[PDB]
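Asker: My structure is below; once you've seen it, I'll send some questions.
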Protein chains: 2
Amino acid sequence: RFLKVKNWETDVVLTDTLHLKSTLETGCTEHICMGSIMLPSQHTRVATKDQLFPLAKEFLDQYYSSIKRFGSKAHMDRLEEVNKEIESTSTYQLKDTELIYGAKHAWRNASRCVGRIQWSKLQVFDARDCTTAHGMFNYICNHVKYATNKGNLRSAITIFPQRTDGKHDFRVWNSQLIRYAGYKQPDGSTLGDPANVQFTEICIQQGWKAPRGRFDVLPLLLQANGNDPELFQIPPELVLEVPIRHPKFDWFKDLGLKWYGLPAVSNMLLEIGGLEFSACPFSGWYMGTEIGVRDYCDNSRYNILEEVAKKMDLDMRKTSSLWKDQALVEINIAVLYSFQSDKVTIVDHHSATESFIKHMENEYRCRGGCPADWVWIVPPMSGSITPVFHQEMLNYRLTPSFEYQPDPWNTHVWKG
Amino acid sequence: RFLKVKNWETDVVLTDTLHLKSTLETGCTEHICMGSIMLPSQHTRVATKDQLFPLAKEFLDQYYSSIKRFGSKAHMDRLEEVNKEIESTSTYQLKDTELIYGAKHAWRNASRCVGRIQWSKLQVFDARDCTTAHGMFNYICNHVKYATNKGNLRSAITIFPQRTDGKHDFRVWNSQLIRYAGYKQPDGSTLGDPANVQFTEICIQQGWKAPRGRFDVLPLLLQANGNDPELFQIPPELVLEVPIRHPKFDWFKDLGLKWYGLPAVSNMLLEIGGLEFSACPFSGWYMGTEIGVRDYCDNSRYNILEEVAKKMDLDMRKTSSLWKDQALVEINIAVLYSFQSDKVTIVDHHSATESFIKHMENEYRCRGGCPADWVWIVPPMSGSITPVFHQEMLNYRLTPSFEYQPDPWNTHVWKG
Ligand code: HEM
Ligand code: HEM
Ligand SMILES: N=C(Nc1cccc(CCNCc2cccc(NC(=N)c3cncs3)c2)c1)c1cncs1
Ligand SMILES: N=C(Nc1cccc(CCNCc2cccc(NC(=N)c3cncs3)c2)c1)c1cncs1
Ligand SMILES: C[C@H](O)[C@H](O)[C@H]1CNc2nc(N)[nH]c(=O)c2N1
Ligand SMILES: C[C@H](O)[C@H](O)[C@H]1CNc2nc(N)[nH]c(=O)c2N1
Ligand SMILES: [Zn+2]
């Protein structure tokens, strides 16, 4: 009931009581651990009025506890107010302050996110008066511009109107506001980004004129108030890009690679007080490995280890020459170097993982715990030479939270 | 009840029914996942006669099912026999065949072991007639010699008499039959292997004449039938060692490093049919990263990244030059190269992880599943460029099994 997690490198012991406030479920039982299932059903999302108030009260109490008026008149009257409103409409509306708190704490509670030492420095844009896809494009363009901020990136979330009936949902159909296109070839190979080949097709179906190349920024596909979604091109001047060069190998420019500065995830669902925001795109900045190892080296992604190893003159015959490992370290030094030489915010896996340990200590102290998903916190390269490898982590689902949700094209009831 | 695990690189789906035969517990609940706690209490070990028969029957049934005589006369009479013997002595004795099956299947069930594609090629040495520490030394020397086999390593386990009352326990007090000594310094630094500094002290207390250097093979500390443990020196001619050179950097020999060929874990507890074998040392061969990344580069181990980076002329000022990563790939190419150039069995993390995927497929097919601990299966470097990174794994505890147990010097009731 008062659990202990240890670091097996520093011998530090932290005690976790926060897990007791845990609400959601994990997928694990006492007979089976599912800590490596990607999308557990407890991580995915018509909610009634009988369920809604406990959720609303649960949220309202931790908000008023947080600002040092738990049970004050303000708390009880707002408790009374929201209760009355859930009667009138079997739903309710977050105060602007409650919206910002909820958003920041969904981030704070994201157990797979190594970047949460920044969780309270988040810019919340209230887009809940938005009614049209054109409104959404506008809000999203102003998110991109503010967050990019000339390479000195700033975290930000834009929160569109909450779900209501279920039909009238706002959804951004992109997985990220900025993503490169994926076109497959006649021979069956893939041009661009194999991850988005299905989405690229959907855009082409709605009428995208594809400039079938490599690093082609996809258009936005915006669904407002349940209607069929609509194509919009982000002004290219808002899309900041970094050309990838190496600080020692001048042939690295010849590879002619570039990635985008602003990672901005748009397919997730934000939950606050039992209210569901189906469109809530959020941006921060990149940890280096996300692009260098995953984006660039996943076999089912760009898969360049092949080529980079060629230009390094690497013994590619035997697996045990570790040539894949050696091409991977170089590709990640060049991602970092390229981004920094342009003053575009990026963080390396060593600095990020040390900050998360530092953040974890703060959380156990001032908050009693910190949910953490080891399988996701540990970088996809150089695992054990980063401090998180040797940190025991307890994982559990607190709310407010970010959740997965189906892709709109598996769920949307069409009419056009 | 029929769970699905997916590979997110090949899109392969395997279905798991074996988890239904799961007996032990995991530490996870539906409110908390503990898949990154090192030693969960369900992984650690006076068992009565009322508990003993179900366990004995459970084991006996899967053994007779395995050899295609489930319920045959042989099965029922052996069921009757063992029941009768658990009456007479509230314990019982494994047939030589049941001992070999149990041992091979404890390995087969080890969910943290990436090497299990070999699980049925295991040499079981029955040391259950052993009565003295001198007997144990002899059995262990013959294990070392057989398993090493001139560098062409062979898997093997030596099984000492089962626990009985609790006092009269056989224990090898070494964590591994072969380990380098750890002496700390006047200035407080550490000479040799910081992991074994406490054990080295214990050997010095029982009267080891320490040759306080770097790679000093520790003596064996053997406890037989509950008595105080006793020091024995493995004949140095039985301890095969590999000098670590690099295939490109000739200064790498100057580093003057060597590791031992034979990894052989001796502090674990083998469980078969409710019987407990407190001493059961087992050996296979190394995956490269165990020495190159963990042994050599853990901060609380040998911690040579410092030095290797110096000789590479690496920018050690900024964390984000990835110099630690770059020194780590080289150190692992040299471990592999050194071991292979001497025909000493070793496996690289790429070849090992691909075999485990291949093994996992066989197990789901012919057995209905394969317990796997992602946190441990994924190598401590180059994670996502190995296929196990993207393999969803279900973890659960099947028996026969290998379990942890306290260090004998926290439990042993002394008299000498
Ligand atoms: C500020 C800089 C940030 C950094 C450096 C960072 C870093 C990371 C990384 C490396 C991951 C691993 C996910 C993957 O590899 O695909 C992750 C996951 C995640 N981050 Fe953070 N992040 C940042 C900001 C944010 C913000 C602003 C939010 C929300 C407001 C957020 C919420 C999440 C969530 C919900 C996940 C993973 C959940 C899942 O996929 O199931 N992050 N982050
Ligand atoms: C034959 C070659 C083998 C290879 C290449 C291999 C590889 C590995 C590796 C890399 C680990 C990770 C543990 C660590 O990093 O400390 C591991 C764990 C383990 N192996 Fe295997 N192993 C082999 C043979 C065996 C044998 C012969 C047995 C028993 C009969 C065994 C049982 C285990 C167990 C019980 C664990 C981990 C359990 C724990 O620490 O909680 N292995 N193995
Ligand atoms: N389908 C595949 N994986 C896969 C499937 C479903 C989901 C996922 C997880 C994708 N999370 C993206 C993500 C989420 C949160 C943060 C980040 N990062 C960042 N810095 C930021 C992005 N915004 C603000 S911060 C990135 C991966 C594969 C294909 N091929 C090999 S795996
Ligand atoms: N105390 C620390 N860790 C730690 C603590 C307790 C336990 C452990 C796990 C040790 N498993 C050793 C082990 C088990 C099984 C297989 C192998 N490998 C092999 N190939 C083989 C060895 N025999 C046959 S095959 C290695 C690690 C640390 C100190 N500093 C940073 S972590
Ligand atoms: C805290 C965490 O559980 C610990 O570092 C684990 C992680 N995974 C591991 N995996 C292996 N193979 N060996 C280990 O020692 C560890 N250590
Ligand atoms: C199957 C496994 O759960 C999958 O590869 C996970 C592992 N850990 C990860 N960690 C991060 N940061 N991102 C990922 O996509 C994944 N993928
Ligand atoms: Zn779990």
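Chain identifiers are assigned as A, B, and so on, following the order in which chains appear in the structure tokens; residues are numbered from 1 within each chain, and ligands are numbered from 1 in order of appearance.
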Please identify every polymer residue within 7 Å of ligand 3, using only C-alpha atoms and all ligand atoms, and present the set as a list in words.
Answerer: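 The neighbouring residues of ligand 3 are, in order, residues 113, 195, 263, 264, 265, 282, 283, 284, 285, 286, 287, 290, 298, 299, 300 and 301 of chain A; 8, 9 and 390 of chain B.
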Asker: Using only C-alpha atoms, please write the residues we just selected to a file, as a PDB file, in the first residue's frame.
Answerer:
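Writing done, so here's selection.pdb:
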ATOM      1  CA  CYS A 113       6.402  10.828 -21.681  1.00  0.00           C
ATOM      2  CA  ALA A 195       3.949   5.126 -41.864  1.00  0.00           C
ATOM      3  CA  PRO A 263       6.496  17.504 -33.201  1.00  0.00           C
ATOM      4  CA  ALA A 264       2.787  18.019 -32.668  1.00  0.00           C
ATOM      5  CA  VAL A 265       0.505  15.076 -31.913  1.00  0.00           C
ATOM      6  CA  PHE A 282      -0.261  19.286 -28.575  1.00  0.00           C
ATOM      7  CA  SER A 283       3.319  20.142 -29.364  1.00  0.00           C
ATOM      8  CA  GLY A 284       6.642  20.349 -27.600  1.00  0.00           C
ATOM      9  CA  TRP A 285      10.022  19.573 -29.145  1.00  0.00           C
ATOM     10  CA  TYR A 286      11.918  16.458 -30.160  1.00  0.00           C
ATOM     11  CA  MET A 287      14.159  14.136 -28.281  1.00  0.00           C
ATOM     12  CA  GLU A 290      12.726   9.937 -32.092  1.00  0.00           C
ATOM     13  CA  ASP A 298      12.810   1.636 -38.136  1.00  0.00           C
ATOM     14  CA  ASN A 299      12.653  -0.989 -40.883  1.00  0.00           C
ATOM     15  CA  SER A 300       9.037   0.009 -41.607  1.00  0.00           C
ATOM     16  CA  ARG A 301       9.962   3.713 -41.666  1.00  0.00           C
TER      17      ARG A 301
ATOM     18  CA  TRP B   8       4.831  -3.754 -34.844  1.00  0.00           C
ATOM     19  CA  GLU B   9       7.288  -4.114 -37.696  1.00  0.00           C
ATOM     20  CA  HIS B 390       8.763  -4.139 -31.653  1.00  0.00           C
TER      21      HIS B 390
END
Asker: For chain A against chain B, with a cut-off of 8 Å and counting only C-alpha atoms, what is the closest atom pair and its distance in Å to one decimal for every residue that makes the cut, ordered by chain and number, as JSON lines?
Answerer:
{"residue": "A:5", "atom": "CA", "partner": "B:37", "partner_atom": "CA", "distance": 7.1}
{"residue": "A:9", "atom": "CA", "partner": "B:300", "partner_atom": "CA", "distance": 5.9}
{"residue": "A:19", "atom": "CA", "partner": "B:32", "partner_atom": "CA", "distance": 7.5}
{"residue": "A:22", "atom": "CA", "partner": "B:31", "partner_atom": "CA", "distance": 6.9}
{"residue": "A:23", "atom": "CA", "partner": "B:31", "partner_atom": "CA", "distance": 7.7}
{"residue": "A:24", "atom": "CA", "partner": "B:31", "partner_atom": "CA", "distance": 7.1}
{"residue": "A:25", "atom": "CA", "partner": "B:31", "partner_atom": "CA", "distance": 5.1}
{"residue": "A:26", "atom": "CA", "partner": "B:30", "partner_atom": "CA", "distance": 5.4}
{"residue": "A:27", "atom": "CA", "partner": "B:30", "partner_atom": "CA", "distance": 6.0}
{"residue": "A:28", "atom": "CA", "partner": "B:30", "partner_atom": "CA", "distance": 5.1}
{"residue": "A:29", "atom": "CA", "partner": "B:29", "partner_atom": "CA", "distance": 4.4}
{"residue": "A:30", "atom": "CA", "partner": "B:29", "partner_atom": "CA", "distance": 4.8}
{"residue": "A:31", "atom": "CA", "partner": "B:25", "partner_atom": "CA", "distance": 5.1}
{"residue": "A:32", "atom": "CA", "partner": "B:396", "partner_atom": "CA", "distance": 4.9}
{"residue": "A:33", "atom": "CA", "partner": "B:395", "partner_atom": "CA", "distance": 5.1}
{"residue": "A:34", "atom": "CA", "partner": "B:394", "partner_atom": "CA", "distance": 5.7}
{"residue": "A:35", "atom": "CA", "partner": "B:35", "partner_atom": "CA", "distance": 6.1}
{"residue": "A:36", "atom": "CA", "partner": "B:392", "partner_atom": "CA", "distance": 5.5}
{"residue": "A:37", "atom": "CA", "partner": "B:392", "partner_atom": "CA", "distance": 5.3}
{"residue": "A:38", "atom": "CA", "partner": "B:392", "partner_atom": "CA", "distance": 7.2}
{"residue": "A:293", "atom": "CA", "partner": "B:384", "partner_atom": "CA", "distance": 7.4}
{"residue": "A:294", "atom": "CA", "partner": "B:384", "partner_atom": "CA", "distance": 7.3}
{"residue": "A:297", "atom": "CA", "partner": "B:385", "partner_atom": "CA", "distance": 7.2}
{"residue": "A:298", "atom": "CA", "partner": "B:385", "partner_atom": "CA", "distance": 6.7}
{"residue": "A:299", "atom": "CA", "partner": "B:9", "partner_atom": "CA", "distance": 7.0}
{"residue": "A:300", "atom": "CA", "partner": "B:9", "partner_atom": "CA", "distance": 5.9}
{"residue": "A:319", "atom": "CA", "partner": "B:350", "partner_atom": "CA", "distance": 6.9}
{"residue": "A:320", "atom": "CA", "partner": "B:348", "partner_atom": "CA", "distance": 5.8}
{"residue": "A:321", "atom": "CA", "partner": "B:333", "partner_atom": "CA", "distance": 6.2}
{"residue": "A:322", "atom": "CA", "partner": "B:333", "partner_atom": "CA", "distance": 6.2}
{"residue": "A:324", "atom": "CA", "partner": "B:385", "partner_atom": "CA", "distance": 7.7}
{"residue": "A:325", "atom": "CA", "partner": "B:382", "partner_atom": "CA", "distance": 6.1}
{"residue": "A:326", "atom": "CA", "partner": "B:329", "partner_atom": "CA", "distance": 6.3}
{"residue": "A:329", "atom": "CA", "partner": "B:326", "partner_atom": "CA", "distance": 6.3}
{"residue": "A:332", "atom": "CA", "partner": "B:322", "partner_atom": "CA", "distance": 7.9}
{"residue": "A:333", "atom": "CA", "partner": "B:321", "partner_atom": "CA", "distance": 6.2}
{"residue": "A:336", "atom": "CA", "partner": "B:320", "partner_atom": "CA", "distance": 7.1}
{"residue": "A:337", "atom": "CA", "partner": "B:321", "partner_atom": "CA", "distance": 8.0}
{"residue": "A:348", "atom": "CA", "partner": "B:320", "partner_atom": "CA", "distance": 5.8}
{"residue": "A:350", "atom": "CA", "partner": "B:319", "partner_atom": "CA", "distance": 6.9}
{"residue": "A:351", "atom": "CA", "partner": "B:319", "partner_atom": "CA", "distance": 7.2}
{"residue": "A:374", "atom": "CA", "partner": "B:36", "partner_atom": "CA", "distance": 6.4}
{"residue": "A:375", "atom": "CA", "partner": "B:375", "partner_atom": "CA", "distance": 6.5}
{"residue": "A:380", "atom": "CA", "partner": "B:383", "partner_atom": "CA", "distance": 5.1}
{"residue": "A:381", "atom": "CA", "partner": "B:382", "partner_atom": "CA", "distance": 4.5}
{"residue": "A:382", "atom": "CA", "partner": "B:381", "partner_atom": "CA", "distance": 4.5}
{"residue": "A:383", "atom": "CA", "partner": "B:380", "partner_atom": "CA", "distance": 5.1}
{"residue": "A:384", "atom": "CA", "partner": "B:380", "partner_atom": "CA", "distance": 5.2}
{"residue": "A:385", "atom": "CA", "partner": "B:298", "partner_atom": "CA", "distance": 6.7}
{"residue": "A:392", "atom": "CA", "partner": "B:37", "partner_atom": "CA", "distance": 5.3}
{"residue": "A:393", "atom": "CA", "partner": "B:36", "partner_atom": "CA", "distance": 6.0}
{"residue": "A:394", "atom": "CA", "partner": "B:34", "partner_atom": "CA", "distance": 5.7}
{"residue": "A:395", "atom": "CA", "partner": "B:33", "partner_atom": "CA", "distance": 5.1}
{"residue": "A:396", "atom": "CA", "partner": "B:32", "partner_atom": "CA", "distance": 4.9}
{"residue": "A:397", "atom": "CA", "partner": "B:31", "partner_atom": "CA", "distance": 7.7}
Asker: When DSSP is applied to the backbone of this structure, which of stretch 162-258 of chain B are assigned strand (DSSP E or B)? Write them out as a PDB file with N, CA and C atoms, in the first residue's frame.
Answerer:
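Wrote part_32.pdb, looks like this:
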ATOM      1  N   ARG B 171      24.054 -24.577  -0.689  1.00  0.00           N
ATOM      2  CA  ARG B 171      24.089 -23.293  -1.369  1.00  0.00           C
ATOM      3  C   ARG B 171      25.494 -23.041  -1.879  1.00  0.00           C
ATOM      4  N   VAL B 172      25.601 -22.602  -3.131  1.00  0.00           N
ATOM      5  CA  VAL B 172      26.815 -21.952  -3.622  1.00  0.00           C
ATOM      6  C   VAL B 172      26.695 -20.475  -3.271  1.00  0.00           C
ATOM      7  N   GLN B 176      28.149 -16.223  -9.347  1.00  0.00           N
ATOM      8  CA  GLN B 176      28.525 -16.975 -10.533  1.00  0.00           C
ATOM      9  C   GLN B 176      29.763 -17.784 -10.197  1.00  0.00           C
ATOM     10  N   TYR B 180      35.113 -11.963 -11.129  1.00  0.00           N
ATOM     11  CA  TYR B 180      36.317 -11.224 -10.761  1.00  0.00           C
ATOM     12  C   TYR B 180      36.129 -10.497  -9.430  1.00  0.00           C
ATOM     13  N   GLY B 182      36.339  -7.863  -6.248  1.00  0.00           N
ATOM     14  CA  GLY B 182      36.150  -6.449  -6.023  1.00  0.00           C
ATOM     15  C   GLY B 182      36.759  -5.965  -4.725  1.00  0.00           C
ATOM     16  N   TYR B 183      37.880  -5.257  -4.827  1.00  0.00           N
ATOM     17  CA  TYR B 183      38.524  -4.609  -3.694  1.00  0.00           C
ATOM     18  C   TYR B 183      38.380  -3.101  -3.827  1.00  0.00           C
ATOM     19  N   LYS B 184      37.932  -2.451  -2.761  1.00  0.00           N
ATOM     20  CA  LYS B 184      37.937  -0.998  -2.749  1.00  0.00           C
ATOM     21  C   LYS B 184      39.295  -0.493  -2.262  1.00  0.00           C
ATOM     22  N   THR B 190      37.481   1.874  -6.415  1.00  0.00           N
ATOM     23  CA  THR B 190      37.297   0.429  -6.422  1.00  0.00           C
ATOM     24  C   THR B 190      38.229  -0.224  -7.432  1.00  0.00           C
ATOM     25  N   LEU B 191      38.938  -1.262  -6.989  1.00  0.00           N
ATOM     26  CA  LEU B 191      39.768  -2.088  -7.853  1.00  0.00           C
ATOM     27  C   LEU B 191      39.023  -3.371  -8.195  1.00  0.00           C
ATOM     28  N   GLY B 192      39.004  -3.709  -9.469  1.00  0.00           N
ATOM     29  CA  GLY B 192      38.363  -4.940  -9.926  1.00  0.00           C
ATOM     30  C   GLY B 192      36.906  -4.716 -10.296  1.00  0.00           C
ATOM     31  N   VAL B 217      40.099 -14.138 -10.232  1.00  0.00           N
ATOM     32  CA  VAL B 217      38.981 -15.069 -10.137  1.00  0.00           C
ATOM     33  C   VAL B 217      38.733 -15.398  -8.674  1.00  0.00           C
ATOM     34  N   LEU B 220      35.541 -20.462  -4.775  1.00  0.00           N
ATOM     35  CA  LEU B 220      34.196 -20.937  -4.515  1.00  0.00           C
ATOM     36  C   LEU B 220      33.954 -20.991  -3.013  1.00  0.00           C
ATOM     37  N   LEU B 221      32.727 -20.654  -2.606  1.00  0.00           N
ATOM     38  CA  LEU B 221      32.316 -20.701  -1.200  1.00  0.00           C
ATOM     39  C   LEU B 221      31.089 -21.603  -1.089  1.00  0.00           C
ATOM     40  N   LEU B 222      31.295 -22.845  -0.660  1.00  0.00           N
ATOM     41  CA  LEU B 222      30.304 -23.903  -0.812  1.00  0.00           C
ATOM     42  C   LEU B 222      29.763 -24.324   0.546  1.00  0.00           C
ATOM     43  N   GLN B 223      28.440 -24.266   0.692  1.00  0.00           N
ATOM     44  CA  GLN B 223      27.726 -24.736   1.874  1.00  0.00           C
ATOM     45  C   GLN B 223      26.999 -26.032   1.524  1.00  0.00           C
ATOM     46  N   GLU B 230      32.671 -23.169   2.732  1.00  0.00           N
ATOM     47  CA  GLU B 230      34.081 -23.545   2.691  1.00  0.00           C
ATOM     48  C   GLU B 230      34.725 -23.115   1.379  1.00  0.00           C
ATOM     49  N   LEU B 231      35.958 -22.618   1.470  1.00  0.00           N
ATOM     50  CA  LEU B 231      36.661 -22.024   0.337  1.00  0.00           C
ATOM     51  C   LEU B 231      37.364 -23.069  -0.519  1.00  0.00           C
ATOM     52  N   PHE B 232      37.258 -22.914  -1.841  1.00  0.00           N
ATOM     53  CA  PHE B 232      37.955 -23.776  -2.790  1.00  0.00           C
ATOM     54  C   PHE B 232      38.342 -22.974  -4.023  1.00  0.00           C
ATOM     55  N   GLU B 241      39.760 -17.699 -20.442  1.00  0.00           N
ATOM     56  CA  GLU B 241      39.649 -16.245 -20.492  1.00  0.00           C
ATOM     57  C   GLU B 241      39.961 -15.737 -21.896  1.00  0.00           C
ATOM     58  N   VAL B 242      39.347 -14.614 -22.259  1.00  0.00           N
ATOM     59  CA  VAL B 242      39.472 -14.031 -23.591  1.00  0.00           C
ATOM     60  C   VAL B 242      40.073 -12.637 -23.455  1.00  0.00           C
ATOM     61  N   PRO B 243      41.243 -12.371 -24.038  1.00  0.00           N
ATOM     62  CA  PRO B 243      41.792 -11.004 -24.035  1.00  0.00           C
ATOM     63  C   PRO B 243      41.111 -10.145 -25.093  1.00  0.00           C
ATOM     64  N   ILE B 244      40.761  -8.917 -24.716  1.00  0.00           N
ATOM     65  CA  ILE B 244      39.905  -8.057 -25.531  1.00  0.00           C
ATOM     66  C   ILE B 244      40.771  -7.136 -26.386  1.00  0.00           C
ATOM     67  N   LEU B 257      42.223  -5.525 -21.268  1.00  0.00           N
ATOM     68  CA  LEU B 257      41.037  -6.107 -20.672  1.00  0.00           C
ATOM     69  C   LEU B 257      40.863  -7.555 -21.102  1.00  0.00           C
ATOM     70  N   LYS B 258      40.258  -8.332 -20.208  1.00  0.00           N
ATOM     71  CA  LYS B 258      39.926  -9.726 -20.436  1.00  0.00           C
ATOM     72  C   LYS B 258      38.660 -10.020 -19.656  1.00  0.00           C
TER      73      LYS B 258
END
Asker: Just asking: which residues within stretch 302-350 of chain A are helix (DSSP H, G or I) according to DSSP, as an MDAnalysis selection string?
Answerer: chainID A and resid 305:312 319:321 323:341 349:350
Asker: I need the residue nearest ligand 6 from this list: B:377, B:313, B:402, B:196. Use only C-alpha atoms and all ligand atoms for the distance.
Answerer: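 Of B:377, B:313, B:402, B:196, the one nearest ligand 6, counting only C-alpha atoms and all ligand atoms, is B:377.
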